[PDB]
Structures are given as C-alpha cells and as structure tokens.
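Labels run A, B, C and D following the written order; every chain starts at residue 1.
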Amino acid sequence: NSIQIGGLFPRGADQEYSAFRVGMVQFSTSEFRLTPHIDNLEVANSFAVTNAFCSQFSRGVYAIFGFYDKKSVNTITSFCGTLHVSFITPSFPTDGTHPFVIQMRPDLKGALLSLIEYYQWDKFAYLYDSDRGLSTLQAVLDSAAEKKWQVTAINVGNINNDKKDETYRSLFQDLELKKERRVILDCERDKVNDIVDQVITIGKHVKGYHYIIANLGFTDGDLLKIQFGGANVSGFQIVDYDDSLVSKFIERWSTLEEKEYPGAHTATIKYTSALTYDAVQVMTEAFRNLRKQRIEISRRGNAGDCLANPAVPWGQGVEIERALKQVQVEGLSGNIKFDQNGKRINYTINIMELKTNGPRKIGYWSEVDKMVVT
Amino acid sequence: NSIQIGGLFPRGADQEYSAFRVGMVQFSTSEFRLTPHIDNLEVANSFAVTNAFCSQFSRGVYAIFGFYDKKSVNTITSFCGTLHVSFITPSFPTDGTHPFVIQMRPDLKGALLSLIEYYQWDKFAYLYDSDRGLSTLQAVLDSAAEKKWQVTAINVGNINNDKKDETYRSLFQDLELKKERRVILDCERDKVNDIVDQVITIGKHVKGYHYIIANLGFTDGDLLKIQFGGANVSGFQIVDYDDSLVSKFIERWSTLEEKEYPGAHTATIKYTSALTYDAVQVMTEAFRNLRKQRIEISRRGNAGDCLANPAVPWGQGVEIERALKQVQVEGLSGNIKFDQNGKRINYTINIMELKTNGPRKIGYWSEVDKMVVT
Amino acid sequence: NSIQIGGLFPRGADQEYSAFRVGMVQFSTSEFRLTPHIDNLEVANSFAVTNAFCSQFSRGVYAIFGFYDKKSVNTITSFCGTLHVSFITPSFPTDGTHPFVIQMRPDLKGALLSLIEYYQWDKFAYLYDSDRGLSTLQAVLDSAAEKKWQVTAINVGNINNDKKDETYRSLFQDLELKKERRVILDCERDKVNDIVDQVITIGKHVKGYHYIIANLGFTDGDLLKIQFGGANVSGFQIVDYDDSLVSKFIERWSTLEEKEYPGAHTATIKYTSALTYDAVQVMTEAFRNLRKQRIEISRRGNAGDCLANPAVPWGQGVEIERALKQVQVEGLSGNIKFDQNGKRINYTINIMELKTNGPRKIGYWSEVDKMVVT
Amino acid sequence: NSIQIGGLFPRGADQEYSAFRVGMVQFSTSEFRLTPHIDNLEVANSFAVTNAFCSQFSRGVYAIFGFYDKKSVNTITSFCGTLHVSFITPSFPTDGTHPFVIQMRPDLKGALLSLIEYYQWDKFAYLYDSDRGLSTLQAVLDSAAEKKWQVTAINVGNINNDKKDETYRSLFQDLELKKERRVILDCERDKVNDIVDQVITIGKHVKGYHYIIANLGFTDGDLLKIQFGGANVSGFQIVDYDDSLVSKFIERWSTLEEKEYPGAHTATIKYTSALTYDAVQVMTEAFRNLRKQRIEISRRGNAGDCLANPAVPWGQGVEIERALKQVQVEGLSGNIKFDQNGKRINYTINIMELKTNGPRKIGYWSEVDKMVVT
C-alpha cells in the first residue's frame, strides 16, 4: 500500500507540477499513498530523458508520468514497450499504436477537419510547427487532396527571434500575394503568441481575416490582444469552465497561494495542467482497482539495471497496463476512456469563437457525432 | 597502433557490410590498421540502438559508424553530442545542425527543386514515404508557397503487405480523376519498385506521364521495366559509372563472389554501400592525418559508463571531430568535403533520364551552381 | 479383363500425364483394368513417333493415345489408317477427313469467326505461329476475302528465344505505324504469355486496344498482369469452372500431392489436360460398351511388325473405332459426341473477356446456333 | 564396282521415270554403273513412303532419290536426318533448313516478289493450293504487310470439283465488282489448267486480266488457249530451250519412241523431268568425286532395320552429304550449286510473258542481282 511513481517534468514547468501536487493531495486515499520521484530536465535532450528513465527504472518504479516532444518520443515509447513499464503523459499522442503509453491528450485532426468543413473553407493557409509532430499536417494534406482544397502549408518553427520581424513580414507579404484571409495556427503557445502579436503590428487583424488556433488551449493566451478588430477567431477548448466540478476545482485553485504553488493564483488553468490533474486521478483509480482485484504486484529495487542484456521484462507490467487502460472516470477534461492502444475514445471537445464581448462556445465535437451547433 | 571503432548495421544490409569490408581491405594499412566491432541490430528500435551505442562506448571505440531511422536519429545525435563521440553515417542528413555527426549523404532538396524548375512544373503530385523524414516534403511545400505550385502530397508509407495492390491502384485512379500526369516519388528502392510495378500493371507508364525518382539511387532500382513504356523517367544519381575511380572499383568488385561478399557480383552498387566505402576512406584519412599531426588520442584508461552522472566527455572528442570534418578526398560519390556542421559541401549530383536505350546523364547539380544541362 | 493401350506423351507434358493418371485411377473399376505404355519422346521427330508407334503396335495394343504436331500428324494418320488402329488425341483437329483418329479438341475457326463478326471488326492484325498450324489463318483469310476485311497476318514462330524482345518491340512499333488497334493472338500458351509480357512492357495494354486470345485456354495463361491495364481482352474457354462436375474434379485435383502428381496442386487445369482426362473417360466407356456387347476381342501376339509387306490390318479394329465414335458422355470439356469422321460435335465454347474483377462468361458458341449473348 | 541407289516415284510419273532412265543410260560410266531400285507408290501415303524408305535402308542403299508430298516431306526429312542418309529430290524446297536433303528445285518466292515489284502491283488476288507448302503464301503476306498491299488470298484446294462452279462464279463476280483485276495462280499444273479452262468458259479473259502462274513449268501447260485472248499472262521457267545442252537433250529426247519411253515423243518437257535428269547428273558426279577422293564408303553388311532403338548412324553418310553439297555443274535447269543447308543457289529463272506470237522471255532473275529486263 505504498506505491512509488516517477515524474518527468521540463526545466521550467510550474503549472503542471502545481496541478500534479494538487491532484496528489486531493486524491490521497487513506488506504494508500503514491510517493513521486520528480525529475526536472530538458525534455528535448534524448540523453537526459534516457538517463532519467533508467534511473527511475533502477529505483523500481511501477508507473512513470512525464512529457515528451518530437525529439524524445521514440526513445520513451521504445523503452516502455521493451521494459513493460506504463507511461502516462499529457503530451501529443504518438503516430501509431505504441504499447505501454497512456495518452490523455485527445487528437485534434478530426475536430480540425470537421470545423474546416463546417466553416466551408476551400483555400486557406496552414502555419504549423515541427516541435510537436507532422501528423496533423499530413491529415490536413490528405483531406485537402480528397476534398479538393488549396492549402498553403508554411513552417514557422525554424526561425529565430532576432530576424523574426523581417522574416514574418516577408511571410505575410507573400501570403497577401494570393489574398489569403483564412489561416490556421497549429503552433505552440509561444509561437502562436508571436504570431498574434506580429499580426497586430502588421495590421492584418482587421475584419475579413479568419484565424484558427489549432490547440486545445484557447483561453490561456492573450485573446484580448486581438479581441477587438472584428476578425474571425476560432479555436478549441477541452476544459469546460462552466462545469460544476471544474468550477469547484478552480475556486480552490484560485484560493491557493503562489509561493508554495507557483502559477496557481489565477482563474485560468492550462490544458496540460488539467491533463496532469486527470493523470493523477486515473493513476489513483487504476491503483485502487488493482488493490481491489487482489493482485500481488510486489516490486522494489531488485528488478535490475536499465541496459540489461538481454532486457527481460516483468509479468506485472501487462497487468498494470490492463488496469490503466480499462478505467472510465470524469475530470476537468471530461469523460475519460482509453482504448487498447492508450488513446481516449468518447472525449468531447468544446469549440469557441472569439467576439468583441469575449470568448463564447458555439458547439461541441465528439467521435460518434460531428460538429454540433447549439 | 590498431584503432578500434564501432559498427551498427541493420538486419538485411548485407551489401553495405560487404562494401565496408571491401573498403577496409582497400585502405587496410598505410601506417596503422583499424579494428571494427560490428553489431547487427534493428536500426528502427531506439532501445536496441541505445544498447548498441552503450556497449560500443564501454568497449572504448574511437569512432562509430552506423545507420539510423527517423525514429532512431535523435538518440544517436543526443548521445554523440553529449559524449563527444563521432558518428559517420550514410543515412539521411539530420534536419538541422548536430555536432559529432558526420553525415555522408548529400542533400537532395536543392537538386529536386532545381529539376522541378527546369521542367517548369505547376501541378505535380508528391508521393512521400515516412522513412527518411518529411524534410523534403516540407521544403517542396514552402517552395510551392513561394512559387505558386499545386502539390498533391500523398503518403504511401502506412500501408501493409496485404492491400498494396488495391491501395496503389485506387491512388492512381484518383490521380487520373484529377488528371495528374506529373508524379514525384520520394521513396526508397523497395517502395519505388512497388510503385513502378503497380503503375505498370495499371498501365500509366505510357507517353504523357512524367516521374521523378527523388533518391540518389536512380539506377539502383529496376528501370528496365519502364524503359520502353514511353514516359519520361527522371532521377538523380550520385555515383558516375563512367568515372575512372568508379570503373576501376566496379572492375575489382564485380569479380567477387556472393558467398563471402553478399550482393557483390553485379555491375551496379547502391549509393548507401558506396557511401559506406567512402566512409571507410574518410575514417582512414582522418586517423592518418591525426597520426601525421602527432596528436595523442589513446585513452588513459577505461572509457567509462554510458549513463554516468555527470556525463564527462574526453578532451580528444573535439579533435577527432575536427579531424574527421577536415578531410577532403575523392570517392565513389565524387568530391568529399564537410563543413562545420558535418554536412557535405562541394558535391555534385548527376541528373539522369531514362531513355529507350538506357539511363543517360543530362547534367549535374552543384551547390554553388544550379542545374546545368549537357 | 486386361486391355492394353499406348501412350505418346511428349517430353515435358507433366500436367497432361498427371491428368491421364488421375483419369485412369478414377475410372478404373473391377470389371477391367487398362495397362498403358507411356513413352516420352520429341513429338516433333517423325522418326521417334514412328518408332514408338511401331513398338506399341508390336506389343499388341488395341488403342493408342498421344499427341502430335504439324510435323508428325501425317505419319500418325497414315499409319493408323493403314493399320486399322484407333488413335485418340487432344491435339488440333486434322485439316481433312481421317479414319481411325479420334480428336478431342473442338474446332475453333467457327467460334473465332463468329466472335469477330460479333465485335464487328474491319481492320485487324492476326499474329500466328507456323509451329501450331495455319488452318485458322487460312479460314480467316478466306472469310476476309469473302467479307472485305483488312487482315495483317504476322508470323511469330520463327523468332529465336535468345533475342525475342526487340523483335516483338519492333513488330508492335510497325503495328502502331500502321495504326493497328485490334490484334488476334493465335499462339500457344508460352507464346501468348511472351506476347502479353512484351505488350505490357511497351505499354500497349491501356484502354483503346483489343486482344483476342484465339485458343481454348483463355485462363491457363497468367492473365492477372494484363487484367488491370484497361484494354479489351477476349478469348474462348472449353472448360466451365462453375459446373458441378468441374468443381468436384478440382476439389480433388488441388490436393494431389504435386510432388507425386506434377502440375496438379493448383486450381487451374490446362484445356489439353482436361481433354486428356475426357479422352480417358471416353475410351473407358467405349471399351466397357464393347465388352457389354458380347464380341470376341481376343488378340494374341500375332501383330508381327508394323512394316509387313504387304501390310494386312486386323479387322477387329473397325469395331473399336465404331465404339469410340459411338460415345456420348459428359466431361470437363462438356458434352462429348463424335461424328463419322471423329471430329467432335454438339459442343459449346464459352466466350469470355477479362474485367477488373476477373474473367466472366458472357455467352456460348455452337455449330447449330451462332454466338449467343447473355 | 557399283553403287546401289533408291528411286521413289509416284503412280503416274511415267515420263519422270523415263527421264530418270535416260539420264542413267547417258551418264553410265565404265568405272561404275549404278543400280537404282525403283518403287512405285502413292507419295501422299506416309505409311507407304516410310515403308519403302525402310526397305531401301535394309537393302543397304547409300543415297535415296525420289519425290515427296506435303504429307510426306516431314517423315522423309526426319528419317534422312536421323539415319544420316542423303536424299535428292526435285520437289518443292522444304519450308526451312533440313539436313541430309538436297533440294534441286530453286526457290520462287523471291522471283515472284521481284516480278510483283517490277510490275507495279499494289492490289491483287493470290489463288493458292496447299500442296507445295505455305512458304510462298507467308512470303507474299509479309511482303504485302511491308509494302502496303491489299492482297486477298483465296484457297481453292479444299473446294470440291463438283461444286466449284457457283462458288467460282460468285468469287469472280466479287473480284469484278471490287476491281480485283490482277490475280496470282500458285497452284499445280492440273489445277491451273482447270482454272484457265473455267476462265475461258466464263469469258473472264478480257483485256486487263493479268494472270501469274507461280510455277516453273510455264510452257508445260496449254498456253495457246489464251495466246490471242488479250489478257496479260506472266510465268517463270528454269530450263532455257535456246541453250546448246538443252537443245541437244530435247533433240535426243524427241527422236525416242513412246513405247519404251512413255510420254517422250514430244518437244515439251517438264521442269520436274529436267530436275530429275540433273539429279542423275549430280549423283553421278558426286559418286565419281567420292571414288576419286580414295574414300571407301562401302558397308560390309546390311544397315539393318530403321526401327532399331537406338538408331544406327554412320559417318560415311555425312561424308556423302558433304560430297553432294559441294557440287557445281551445269544442266538443263541452268547452273547447279548447293549451299551448306542444301538449297540450290547460283541459279537463274527465265521470265516469259505471253504474247500473240507465243511465250517470249522478257528477262531473267537471279539472287546476286535483282530482276533484269532484256
């Protein structure tokens, strides 16, 4: 009744760690407690990721929570699938079916295509970033080929910031050659903030221009900066701030202090932090299910090292995976239900549009049902 | 005075190993000799790749030669950068800059864009495969954005060996429906062979079609099947069989036997194995230059541990990298010279066409000079 | 009882011999058994054919089964007519009336002419091989002279196999220069396979061309390579694979231990082998009927030599011939009925084309009724 | 000393036999006198032909002379090739190379094609019979395909004489309405005589009709019937009546009597008879050369039975073949010389076109040069 888990967090991650500890203290069952081993590192460094994973495996950790990017996803997936260690992450889902990886970030390709069809778009620009994967870009290109679209895929992830002014000015001047008024911003948070800021400077945020933020976090950024101007702005939001549970959680979250809980005294929580909260919840739920199933998973610092030749797995790993992937709970992100691969199934995505008054949801998207209008 | 190096090879790259051994015996001794440690492994498995790298590092190898895949390149780059151990490879160049990696494959984006400009194409399909990366697809996407092209990018990678015929057939009927005669194949040898077989079966290799084989191995595939069809078949070739060095090497190499040297009894040699030969030459020349400079590189003791904390790299790694990047030799691929990032500069790619009498070179593409017609 | 027969199988006809053995072991009963003398020989050698015929006559056989070509048909027919010994064959029917020769192959000239009239052709080519024969070419030339057609007869039997690629390529180039779109392939299985391979290689199987495989073995050749090209490919088939008897035959034929029965472990049976099986059936039926007629068919070793001077035949062979020509049974080729001259009558030939979903029987041809469309 | 030879003659070749005996008595030398054993049989009967051949072979005969038909050429050539026995014939050349056979009849396809080219023919009818093979038919069809001729080939051998009136009228009316004014008669002497008799009866010999008789016996048939008909008639001839040797032979032939020399009391002889005479001459010359070369091909005992398994070859037969294939003597049919295969070369064919004063040689044809006009 003393489960030791592992935690990998980026060097500079505060809100996600705060949500992690909030969930841990919220779901601290009197039957058992989860003791985490938190490692802060540069996730982009595959060597550092491997070092942390190997140290946690040597320490005897049953389940590992962490993050990965395009430069550190393959190593994590391979190590987990070989050593039979369950990995729970809020990061982007891997392209394919990688075992022993629990992916709680819902896919956005289907919702993005459904929203594009709803908006009746034929020609548009697609500004993407290579720091998260090109699966969305490939899906957009395939849909464009199928439905006879004219998509201009432009990468904005390979430019610095000192020459950003001139580079993006040239990019937008080239975009105005075709009179492009509809663009999609499939970029990270800092990248999309740069896009919106430089759009404001260049003066292309006037009416007629349509912008789509291709991420689950729409209300986290400076929506007020481009709120005025009359330009269409649309996006997605996994979290429903109007839900009773979300409001109850956010009240306590705002009442928490900032010293011991960095990035907490605010009325907006990042979707990564929300997914970390549901990750804590699902970990506790799976371990309660394992305890109630009367299954012995006794393990300690005796499994061995990381680079054992041959690397023999342990039989409890497949049972831990079955327990993790066979739960159905509800959190900030909504209904949670994974498949045999480790991806959510019956999730719901709330679509919001930005107006002068403020952000406002226009409908919801699901798997069985396409975009719905209220 | 023996120098120990490492070797990573995929399970199936027999011709590459044969070319490695041929280069080893050719450049056997001038003032010393090399001692490679070969470790055949699944190159796409990041865990196995890490295990091989760590075993070779513990063995105390001065340099490492091996391949990598799109899902195993980050591990090599990170480990080599953090351990100051060079990695000479004939695989696809990395998307960016990475120290301690000596990439031997010349870039193809510039030559492909120059060939498209020379052919004056406005609506060309792009059948890409997710093995060597999507960097060329991205580059052609920005080029299309900046040159007003109609690119129909289609992924032909995520298909199994059970509906290949149906998938390729339906793809080509779709291409006929939008009436698209210009197609670019950015796939490897086996994939382009499958595509060529399918297009022959459906009967679209007749006059009125144009295909570009976007790989350095234009003649490595079986072009005799589409030689008499009547459609343009362009491509790029890195080895010139009419060159003195290549002709002498082929005369020495075709007389061998397929028992001790698998895949070494043919008049043609794959560009990957050619780059293996030139990589053996480059390593030999670099170590010869190091010996001539009288720099002490021998270890003072054991190499250490792969996952040691902190990862301390030896002071001779920078010297090894500089010596490897400072060599300028002539090989099968042509002039060999590396810049500060480990890429290849001052190279030449011969553009060739498949006429009814055989593949005939029509010109060459350099970095300082664009496509030249001869 | 024990009745001995002869066998003139060629050197290389493994499937026909396997079908012969299967027919023997299936139609053999306790009433009597058949003892064959199988001699493998170069059937184009009239000397060897005469030697084998003389030896089998010297044994004292009652009927002879085997094959012949255009270079050995006259000697076989003359020997059988002079010696009053019957000869059942699946080879091409003789161009005339010949007694004591039972021919299991139905005529194709009438069906071919009816199909040409149905397709309403005016200017078409006719690729013939002198090795198979020229009776069909003579018939089509006479019809063209009587119906104002433009037939371009081409011989393809004189091409040596050492360089039989440029010959076909130049031939089809000449056909293109003559604007020839419709071609009739009247050749053997190997020759038609080579012609189809060359056609696909030169890209002459696309929509706009028409091909008629003028032989009863439409599906025996590898038709899948040209199925998806898009050009019309018609032909004739004598064996109906959807019939109950044929399906029951294949149910056993596909599981016949190919090592023990060469050319049997397949779902496709050559029309020649099917005719051999039906010939075994008809000879067994004829001998059973002769035994059930209370006729003395006792013959001892009094045959002597085949070149007796004068050559006095044995009168017991005319009853054998009458019984053989008085057989009305069903089989793989369909209804079997022989006229006074031994040529097959009351037969149906299935006319099929090659579609994307496989060959389909669109109708049947008969002597009494012209081509019928379904 | 003497050499036994064999003679195969059809039932009715009385003048052929008379010419053979005239040649024998004229070329009888005191050094050795041959003793031919003449056999009379239906040459179309393959069984009789091979029985006579085997009787000769058992007799111990070194060289065989005789005729063969379309239905016996194959067996004759096969037996001669297998038993290494030389065969000398005046019949049609074999449709292809065949060892141990001497063809004394010069080819006609080249001369006929040259005459057609010189006569500026682009549309005609090729009336042929299947008696001398289809080599000429194949040659004219290939030449028509090459030179864009609209030739209509009609077979007349299969049509029964009783019913060959209504069909004759129908086909001639078809030719008249289609302006098929030019015809070619590649038929035997009797068939062409019947054809010209029918033409005279029907009155289709009006000005414009250009009949070509494709045989060497132009003057053999009745040409005075169409001498004053006003219709062009062109033929070929191998024996020149103006030569001194031919004139002396025809005088010594006409001075003979019809009692002991049937059909020898006229001034008109057949080209086949002339070829028989030249065959006797070449046989005598070859035997004289063999005797002079001090080569004894004498056999101690009987050759045995032809049906012996295995066969019984002998190198003296090969030496005899080499002796025959290296003879260059003149004769009634002109110069005689054989190539390596056995065909006759170094020959000239005299072309005559019928006029009101009778046949007159309008030129000659050879192989070292095209057709020549005098």
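The criterion applied here is as follows: contacts are C-beta pairs under 8 Å (C-beta built on N, C-alpha and C of every residue); 3 or more make two chains touch, one makes a residue touch a chain.
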When each step joins two chains that touch, the fewest steps from chain A to chain D total 3
Interface copy of A-B among C-D or B-C, with over half of contact pairs matching by residue number, is C-D
The distance between the C-alpha centres of chain B and chain C, rounded to whole Å, is 55
Here the gap between chain C and chain D, centre to centre from mean Cα coordinates and rounded to Å, is 35
Cα centre of chain A to Cα centre of chain C, whole Å, reads 71
Among line, ring, star, complete and other, the chain contact graph is line
Chains touch one another in the pairs A-B, B-C, C-D
Residue positions on chain A within touch of chain B in the complex are 45-48, 50-51, 54-55, 71-72, 74-75, 77-79, 82-83, 130, 134, 138, 141-142, 145, 148, 150, 152-155, 174, 178, 306-307, 309, 311
Within their complex, chain C touches chain B through residues 169, 200-203, 205-207, 225, 228-231
